[PDB]
Amino acid sequence: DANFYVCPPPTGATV
Amino acid sequence: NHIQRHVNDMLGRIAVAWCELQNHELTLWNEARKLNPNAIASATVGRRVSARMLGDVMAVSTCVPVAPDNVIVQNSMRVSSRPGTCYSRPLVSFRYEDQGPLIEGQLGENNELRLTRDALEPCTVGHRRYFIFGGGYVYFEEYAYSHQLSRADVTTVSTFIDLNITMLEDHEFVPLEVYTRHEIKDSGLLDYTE
Amino acid sequence: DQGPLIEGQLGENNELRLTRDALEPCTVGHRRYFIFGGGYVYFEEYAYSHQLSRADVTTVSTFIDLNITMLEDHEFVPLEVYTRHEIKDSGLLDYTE
Amino acid sequence: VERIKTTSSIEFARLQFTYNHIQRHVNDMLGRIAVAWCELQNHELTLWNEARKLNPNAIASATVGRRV
Amino acid sequence: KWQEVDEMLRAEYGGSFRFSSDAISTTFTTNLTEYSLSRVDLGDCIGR
């Protein structure tokens with residue numbers, strides 16, 4: 001995993 | 001028929017075992033999904049996606065990628081505002097992309113950049129920690145930076161079970177006769193035509 | 001059908017429990033699905049919103065696919081380059097005839 | 001200009017047909033099994049990570065091969 | 001003429017052609033280069 005990620009907290013838009 | 005029956009029966013047994021094993025490991029997947037929704041979400045959807053548990057289902061939101069060159073790791077996990085308390089994972093400052101605000105944050109698992117600096121634990125003597133940093137690890141003692149190290153510097157143990165299947169090679173069958181038909185003809189002592 | 005209607009708390013995977021003790025502090029943005037019978041029940045802000053089918057939820061698979069097909073039947077017909085009639089007929093003179 | 005000579009025995013080519021048929025089927029099925037096995041190990045690595053968090057002693061004793 | 005094959009599958013591999021017939025369960029092996037019929041002595045039946 002050379003590429004970092006920013007993960008915003010999920011919403012129930014997609015379940 | 002003999003070979004086909006044996007192979008078909010063996011491979012049907014393998015198919016049944018495979019289906020039952022998948023159905024059987026679904027339980028382990030459910031429990032791991034509770035333990036860490038992000039990782040199991042990423043494995044099950046095929047892409048890095050943040051996840052959380054809404055009752056008995058998973059809420060998923062796509063993670064946004066950040067290039068490695070825009071991340072800088074700080075030195076000491078000790079938060080100076082909380083003497084007697086320390087950061088459980090190293091702090092970072094990252095910029096989403098050049099011409100951006102240098103956003104402060106904390107290193108989360110599998111190279112996550114967490115905006116919230118809430119992971120605080122009591123400080124403890126004997127602190128020795130490795131953390132995923134890009135393609136390698138980083139190593140800290142006593143809540144203080146020591147060095148980054150490559151992935152190859154740590155002993156690798158395998159959770160994988162080995163299976164070594166090789167293909168049956170091509171084979172050429174040449175013509176082969178015990179006696180040619182000319183030998184059969186010449187086997188006679190007298191040839192009436194001759 | 002004719003017994004005393006017992007009040008309790010729903011459990012996991014359609015369990016029906018006897019004690020109502022799973023109490024968490026209330027929170028804003030409450031949105032929850034729960035296994036209800038053959039589908040899910042969806043609650044918003046700690047109020048029954050509606051039921052829905054499992055087909056309404058997108059499905060991701062934890063199963064690894066493996067597609068094994070049987071080797072089909074094959075019929076071998078008789079096949080000769082030359083029959084005995086052809087071998088015998090390749091002679092120019094037949095002494096018997 | 002010459003005459004082509006033909007063998008009396010076609011069974012070498014019939015053995016070739018049968019062997020090729022069986023070999024292709026077996027190779028295809030076993031390659032599928034190999035792909036499925038590799039994918040399943042890669043897939044189970046996640047469960048191993050989580051169980052490693054839950055109980056480092058048992059996970060390490062099982063993966064290393066010696067009890068630690 | 002020996003066989004008429006309504007389904008003959010030709011595969012190229014390793015510098016060779018393999019002609020397979022499911023109906024008669026037979027795989028023939030030829031070279032890639034064609035065989036010119038002029039090399040056959042009195043082979044006028046073959047083409048027709």
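No hydrogens, no waters, no symmetry mates; every other heavy atom, side chains included, goes into these values. Each chain gets a letter, A, B and so on, in the order its sequence line appears, and its residues count up from 1.
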Pair [X] and [Y], ring centroids less than 6.0 Å apart:
{"X": "C:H74", "Y": "D:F17", "answer": "yes"}
{"X": "B:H24", "Y": "B:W29", "answer": "no"}
{"X": "C:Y40", "Y": "C:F34", "answer": "no"}

(message) Please tell me whether D:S8 and B:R181 have a donor and an acceptor in their side chains that are separated by less than 3.5 angstrom.
(response) yes
(request) Please tell me if the side chains of D:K5 and D:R3 come closer than 4.5 Å, counting only heavy atoms from C-beta onward. (result) yes
(message) Students often mix this up, so state it plainly: with edges at 30° and 60°, are the rings of B:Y130 and B:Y139 parallel, tilted or perpendicular?
(response)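 Judged by the thresholds at 30° and 60°, the geometry between B:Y130 and B:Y139 is parallel.
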(request) Return the orientation label for the C:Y46 and C:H30 ring planes: parallel under 30°, perpendicular over 60°, tilted otherwise. (result) parallel
(message) Atom CZ of residue position D:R32 - does it have more than 12 heavy atoms of other residues, nucleotides or ligands inside 6.0 Å?
(response) yes
(message) For B:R117, is the CZ atom crowded, meaning more than 12 foreign heavy atoms sit under 6.0 Å from it?
(response) yes
(message) Quick check: closest heavy atoms across C:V28 and C:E45, and the distance to 0.1 Å?
(response)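 So the minimum-distance heavy-atom pair works out to C-OE2, 3.9 Å.
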(request) Show the numbers, then the answer: is there a salt bridge (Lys or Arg N to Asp or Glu O under 4.0 Å) between C:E44 and C:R31? (result) CA-CA 5 Å; C:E44 197 167 311; C:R31 286 191 167 193; 3.1 Å; yes
(request) Report the C-alpha separation of B:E172 and E:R18 in whole Å, then their side-chain angles, then the decisive distance to 0.1 Å, and conclude whether the salt bridge (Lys or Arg N to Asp or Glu O under 4.0 Å) test is met. (result) CA-CA 11 Å; B:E172 286 328 293; E:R18 271 91 175 180; 3.3 Å; yes
